[PDB]
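> build me a model:
(chains A, B, C, D and E, ligands or ions: 5)
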Amino acid sequence: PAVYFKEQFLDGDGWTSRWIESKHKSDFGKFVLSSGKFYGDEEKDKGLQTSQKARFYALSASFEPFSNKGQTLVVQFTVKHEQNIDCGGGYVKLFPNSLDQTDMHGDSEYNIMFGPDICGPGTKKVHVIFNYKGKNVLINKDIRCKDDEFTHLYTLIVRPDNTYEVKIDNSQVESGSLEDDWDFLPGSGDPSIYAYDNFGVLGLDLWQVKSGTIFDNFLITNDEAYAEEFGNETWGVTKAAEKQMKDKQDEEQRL
Amino acid sequence: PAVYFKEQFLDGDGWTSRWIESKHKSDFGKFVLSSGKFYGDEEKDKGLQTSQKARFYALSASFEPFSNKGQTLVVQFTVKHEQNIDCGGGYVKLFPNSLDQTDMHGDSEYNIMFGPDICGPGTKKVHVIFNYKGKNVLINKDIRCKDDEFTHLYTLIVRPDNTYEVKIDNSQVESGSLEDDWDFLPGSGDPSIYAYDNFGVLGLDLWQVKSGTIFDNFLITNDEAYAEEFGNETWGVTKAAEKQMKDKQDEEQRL
Amino acid sequence: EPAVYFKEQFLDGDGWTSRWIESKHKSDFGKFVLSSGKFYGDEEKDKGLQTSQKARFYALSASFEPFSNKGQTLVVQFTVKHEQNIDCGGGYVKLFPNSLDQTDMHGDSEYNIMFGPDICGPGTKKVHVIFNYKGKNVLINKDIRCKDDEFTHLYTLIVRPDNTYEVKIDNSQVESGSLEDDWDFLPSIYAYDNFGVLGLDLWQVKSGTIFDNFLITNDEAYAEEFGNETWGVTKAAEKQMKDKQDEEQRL
Amino acid sequence: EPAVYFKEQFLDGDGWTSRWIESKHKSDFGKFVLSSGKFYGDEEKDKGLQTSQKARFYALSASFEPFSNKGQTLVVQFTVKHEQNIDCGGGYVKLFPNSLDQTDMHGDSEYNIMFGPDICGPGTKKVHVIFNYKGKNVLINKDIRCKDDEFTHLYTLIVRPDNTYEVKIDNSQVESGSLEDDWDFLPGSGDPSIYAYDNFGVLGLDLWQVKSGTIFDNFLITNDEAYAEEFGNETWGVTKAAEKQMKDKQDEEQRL
Amino acid sequence: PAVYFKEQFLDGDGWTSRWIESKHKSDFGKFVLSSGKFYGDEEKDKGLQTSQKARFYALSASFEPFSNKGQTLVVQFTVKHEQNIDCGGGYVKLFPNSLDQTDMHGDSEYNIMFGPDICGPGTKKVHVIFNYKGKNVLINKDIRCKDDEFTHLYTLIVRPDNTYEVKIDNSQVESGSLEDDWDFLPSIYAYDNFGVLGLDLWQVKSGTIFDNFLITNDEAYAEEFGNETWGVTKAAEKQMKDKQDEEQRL
Ligand SMILES: [Ca+2]
Ligand SMILES: [Ca+2]
Ligand SMILES: [Ca+2]
Ligand SMILES: [Ca+2]
Ligand SMILES: [Ca+2]
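Residues are numbered from 1 along each chain as shown, chains lettered A, B, ... in the order given. Ligands and ions are numbered 1, 2, ... in the order given. For reference, the structure is listed below:
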């Protein structure tokens, strides 16, 4: 089982030597390390938290490059919109190793984008975007994302038969084939759409009105079963204690 | 969070000094340490396996005694009927510390009995039995147990307001109040039914026709959230890889 | 002639639920239940309020027609039974002014007097006698040992208008003196303009304590009578039933 | 674009009496009155809340639409004028959570932040900056001198989501730094959420005064530093020169 | 084995909720979490580092109180004077639970003080101090401490027969009986209550790192833990430092 990338932010400020802030603009919001006001475990549940309102963010982590050619690609992470978000992204981008991390921005060329996007009551959507022939192609299926304040697990699975699966909280919510669920081409044909020569950076590149979202437990792997295990060892261990602590705070607030 | 008992059989043959065979009869079947023919992890998934057909079994483990008076009691363990069982029990019993472990048998006085029981096409049931006023009182709700070959998590939660909950695979399948869901009394009124002065031994005391059932990951605790965590760190880590290995063996069999 | 300001024996089934009020100051207070426990002198008479949950704060109270002890003897009396062999927890009462909001009662609510047994581990087996004076809660300076076995014990506080006091356990004096000598107060120290509520407001690790036979009166002799009609009637049969259960346990 | 969470200039006659609430926690609180005092830049503009009684506690507060500073800059700003040449008394504000019962406000009510000048005798001329954290009221460890003459002075506190702060007097910086360094909150790096409060709903004047006569005016709670500075120049900055001129004239007449 | 206290600072900033700064003075030096310039493992070898020169320090950790009465008491921790110290303490103090951690200072009443003290070429000494009858009684044996830049394990063993042993780097350096090796005025060894471990000390050149604190009643367990901590640090630390010394020379 290949682990191309793992990040749990368990080693204090260690993460500040693994991630790079884009300088494309001077006024990007800053991520901070935090487990927020409630959590399952104060230390384990530390992740990157958006710290400023109405800002663009642009922070990224490089890893030893790889190709998903001939293989399964699994992209997984947790997202927690502690602040009860009104409008903002919670998605990740996988970039070719040719990306200059210090110049990353909204129009930098990525391979794949994946994850939750919220904007008002009307948009609660999971993006699955594939870059193909210089276009960023959006999935045609409507996948609802989570919108409460708790930690949710997001998983994208992409297979070399051009099938894909999306999971939320380790449970399937959408499935199918690339050729059907995106408009890449007028008719069937190109079995290589799923495949990228090179993956070298994972970026958080996004916009937020109300800030406070925490990203944790990032995993890039080629094994679906391992992804599921890791999901149960991370999200699955956070879940119940987080909910208990938050119920308790809600009750005290009410009094 | 109090952990009154935990057993995962992770330290080789260490378990043989924690569990005691009843000598009440000379012909009890024997438990053996085994992860069986398929598993998620050959080592982690070791547990106690029934090794002989058409036998009574009687093995138990003592722990520092406790009372659940004024507190939540959670009893949890995994069961795997690898052999595709026809008829046999998969339940545990919690006994007072006054039990002589070398004389344990079917008629020994327990406090609580909990878990799956299978007998032919008609019976796939989860027992929840409370000992009260010298009677063993059986739950009136019909709870279906699992019957496939895979590992399943069984959880009983008993609370000091006389509520209870039963979970399978970390997900609620039944809930209510002791006074409603058992015939202890003709009408309501004994709020202490849930409570026992002492718990000192967990026993596997049961009958099996076709043998091969594996018991693992026993937990007795006072914390529902911790039980759920441990469930996701045990069953939740076994699940996907176990299924994948077994599908592979089924496919090889078909050829 | 004796004035009875408050009496509670929990003799009329669930009648008590309309005389006592649960504080809602917090959402996770432990709950009292009506019970005579596993052993008793009389299954019905020895019903009282039992703490039902471990490691919890409790806050339950009862009102009565307000009164003042000014110019009078005040006697506060009740039974306490730590069935569970308590490790750490209170068994004391508090007398409050009628200005107390019973639905907001908690550890920091202002009381007039606090009285009764407090146990915490090997070191503490003590009877509290606390007087509220000049916005301070003043603790008795004498060391009074409380009972700690599993049986029912009678606790009695007597306060007199010459500022003398007496403490009794099981109807027998264990301590006495004057307010001015036995507390560090900043002449009617003893006196309160009004009493309107009795509260059980306390903490408990191991739960199972039973409170019964509460009495507030102005007559020492009557308190002693009532003690002998309640505790004194419980005592022997309770001990006998428990001895029998201990013997069966051993076999 | 700047958010204005609270503004009070007392420009609309007795209108303020429907925006502020007196605590009844005690029966003998001093009373605020509307006044521009004996000298002023403009008789009407410079009306504010004046302490009217000697040797008293005061407890008056105003609500606003609740907000959180989470992920944002918080600016708290107001003018203070100790006309009476104060001997001993507070001139500071408190920002409270919306859970405060205004009719029970007092010295021990739980606030989020306290900010402003405190004078007591020759030794104490100090600007308080207090943060409530983990049930403690933590006092700034830097020594900031307040103004003590009879004129109107502008007090501004700026708190930023990187846990930096700045204090200004008369629109000019007098102190700055980081929350982790300038208060004793906790060991190590610090806690990136210290600056942040889930909610702000009430501004209170809750304080003690020997010699009375202090006037509070031109309150502003905003999320924009630049706007705070503008408003400061449109209020204090417009009061300043005329106030000083009228007072010089009165001092000269007094001499003759 | 009873483990009354263990601290390895393995859980990021988790330690900031276990340790309390004294406010007795306003100008105490500040401890910072760090593995320094060289180490065996960047993560494991994080500990509390003194961060300022010519300062008093006063930081403490409470634990569930206990008594050593009728038992062995073992106090153990690692000390690394990375800065090549000129003058400064590297010792711990065990306090009764009656200590106000927010007022801890040099004159607070402790039960036992133990560990290295360096001041100039003349003083390289291991303190073992027992509080008895309101006096702080100093061991009368001369125990040399380590003074290089590397991580060293310090272990004090006190037994209910009034014997004691001192180890450096898991190897005995001193032993005897309380009655012979101190001038006390039979349970000298015993204290009713232990509730706080404090780092309360003075330092000229700063940079000392404390890690791997252990309070236990089992000598063998202390030795095991020493080998799993100091014993796992030692070789890789030395390797990394040799490499840095060579590069510095060129
Ligand atoms: Ca994490
Ligand atoms: Ca196992
Ligand atoms: Ca009764
Ligand atoms: Ca005005
Ligand atoms: Ca360490």
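
> what residues does the stretch 151-255 of chain A put near ligand 1?
Residues of the stretch 151-255 of chain A found near ligand 1 (C-beta under 5 Å from the ion) are residue A:216. The C-beta positions use only the backbone N, C-alpha and C, and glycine is treated the same way.

> so which residue of the stretch 51-200 of chain A comes closest to ligand 5?
The nearest approach of the stretch 51-200 of chain A to ligand 5 comes at residue A:61, 25.2 Å away (C-beta to the ion).

> and the host helix or strand of that residue, C-alpha only, in PDB?
Per DSSP states H and E, residue A:61 falls inside strand A:55-66. Presented in PDB, the C-alpha positions along strand A:55-66 are these (Å, rounded to 0.1, in the frame of the first residue of the first chain):
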ATOM      1  CA  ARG A  55     -10.000  36.200   2.500                       C
ATOM      2  CA  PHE A  56      -8.400  34.000  -0.100                       C
ATOM      3  CA  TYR A  57      -6.100  31.300   1.200                       C
ATOM      4  CA  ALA A  58      -3.200  29.600  -0.500                       C
ATOM      5  CA  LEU A  59      -1.000  27.100   1.300                       C
ATOM      6  CA  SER A  60       0.500  23.900  -0.100                       C
ATOM      7  CA  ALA A  61       2.500  20.800   0.700                       C
ATOM      8  CA  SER A  62       4.900  19.000  -1.700                       C
ATOM      9  CA  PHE A  63       5.600  15.300  -1.700                       C
ATOM     10  CA  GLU A  64       7.700  12.800  -3.700                       C
ATOM     11  CA  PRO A  65       6.000  12.900  -7.100                       C
ATOM     12  CA  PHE A  66       4.000  10.000  -8.500                       C
END
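
> sheet-wise, list the partners of that strand with their directions.
strand A:19-21 (antiparallel), strand A:199-208 (antiparallel) (DSSP bridges).

> okay if I get the ones you listed as TSV plus mean neighbour count?
Below are these laid out as TSV (neighbours: other C-beta atoms under 10 Å in any protein chain shown):
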stretch	mean neighbour count
strand A:19-21	17
strand A:199-208	23
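
> so which of those strands comes closest to residue A:110?
Closest of the strands paired with strand A:55-66 to residue A:110 is strand A:199-208, at 7.3 Å (criterion: C-beta to C-beta).

> what's downstream of the closest one, the next helix or strand?
Downstream of strand A:199-208 (by DSSP H and E), the next one is strand A:214-221.

> ok, and what's touching that next one?
Residues outside strand A:214-221 that contact it (C-beta atoms under 8 Å, 6 or more residues apart in numbering or on different chains) are A:1-9, A:34-36, A:45-49, A:61, A:63, A:73-80, A:82, A:90, A:92, A:94, A:151, A:153, A:199, A:202, A:204, A:227, A:230, A:234-235.

> can you check stretch A:239-255 too?
Contacts of stretch A:239-255 (C-beta under 8 Å, 6+ apart): A:37-41, A:45, A:149-151, B:224-226, B:228-229, B:232, C:24-28.

> circling back to that earlier point, tell me the angle of the following helix or strand past the strand holding residue A:61 relative to strand A:199-208?
Downstream of strand A:55-66, the next assigned helix or strand under DSSP H and E is strand A:73-80. With axes from the mean of the first three to the mean of the last three C-alpha atoms, to 10 degrees defining the directions, strand A:73-80 sits at 30 degrees from strand A:199-208.

> who are the packing partners of strand A:73-80?
strand A:92-95, strand A:112-119, strand A:151-158, strand A:214-221, helix A:224-233 (3 or more C-beta pairs under 8 Å, 6 or more residues apart in numbering or on different chains; DSSP states H and E).

> looking at those, which is buried most?
Counting by mean count of other C-beta atoms under 10 Å in any protein chain shown, strand A:92-95 has the highest mean neighbour count of the helices and strands packed on strand A:73-80, with a mean of 26.

> using PDB, list the CA coordinates for it.
The C-alpha trace of strand A:92-95 is given here as PDB (Å, rounded to 0.1, in the frame of the first residue of the first chain):
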ATOM      1  CA  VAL A  92      -8.300  20.400  -1.900                       C
ATOM      2  CA  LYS A  93      -6.300  20.500  -5.100                       C
ATOM      3  CA  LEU A  94      -3.700  18.100  -6.500                       C
ATOM      4  CA  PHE A  95      -1.100  19.800  -8.600                       C
END
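
> closest residue of chain A to ligand 3?
residue A:255 (32.8 Å).

> quick one, phi/psi of whichever residue of the stretch 101-250 of chain A sits closest to chain C?
Closest residue of the stretch 101-250 of chain A to chain C, C-beta to the nearest C-beta: residue A:248 (8.1 Å). The phi/psi pair for residue A:248 (degrees, to the nearest 10) reads phi -70, psi -40.

> burial count for it?
Using other C-beta atoms under 10 Å in any protein chain shown, residue A:248 has 13 other residues around it.

> residue A:200 and ligand 1: what is the separation?
With distances taken as C-beta to the ion, to the nearest Å, residue A:200 is found 23 Å from ligand 1.

> wait, that residue sits on residue A:65?
Yes. Using C-beta atoms under 8 Å, residue A:200 is in contact with residue A:65, at 4.2 Å.

> between those two, which contacts overlap?
residue A:97.

> residue A:25 and residue A:56 touch, don't they?
Yes. Using C-beta under 8 Å, residue A:25 is in contact with residue A:56, at 6.9 Å.

> overlap of the contact sets of the two?
When contacts are counted by C-beta under 8 Å, 6+ apart, residue A:25 and residue A:56 have residue A:105 as shared neighbours.

> more crowded one of those two?
residue A:56 (18 against 12).

> tell me the bridge partners for the more buried one.
So, taking DSSP bridges as the rule, residue A:56 has residue A:207 as bridge partners.

> tell me the contacts of residue A:44?
So residue A:44 contacts A:8, A:10, A:35, A:237, A:238 (C-beta under 8 Å, 6+ apart).

> how about the closest residue to chain D within the stretch 51-200 of chain A: what's its closest non-neighbour residue?
When scored by C-beta to the nearest C-beta, the stretch 51-200 of chain A has residue A:53 as its residue closest to chain D, at 3.8 Å. Spatial nearest neighbour of residue A:53, excluding adjacent residues (C-beta to C-beta, 6 or more residues apart in numbering or on different chains): residue D:71 at 3.8 Å.

> show me what contacts the residue of the stretch 51-200 of chain A closest to ligand 5?
Applying C-beta under 8 Å, 6+ apart to residue A:61 gives the contacts A:5, A:7, A:18, A:19, A:20, A:201, A:202, A:203, A:218.

> sheet-wise, list the partners of the helix or strand the first one falls within with their directions.
So the one you mean is residue A:5. Mapping residue A:5 onto the secondary structure by DSSP H and E places it in strand A:3-7. Here strand A:3-7 is paired, per DSSP bridges, with strand A:214-221 (antiparallel).

> show me the beta-bridge partners of residue A:131.
residue A:136.

> picking up where we left off before, give me the buried entries from the contacts of strand A:214-221.
A:4-5, A:7-9, A:34-36, A:45-49, A:61, A:63, A:73-80, A:82, A:90, A:92, A:94, A:151, A:153, A:199, A:202, A:204, A:227, A:230, A:234-235 (16 or more other C-beta atoms under 10 Å in any protein chain shown).
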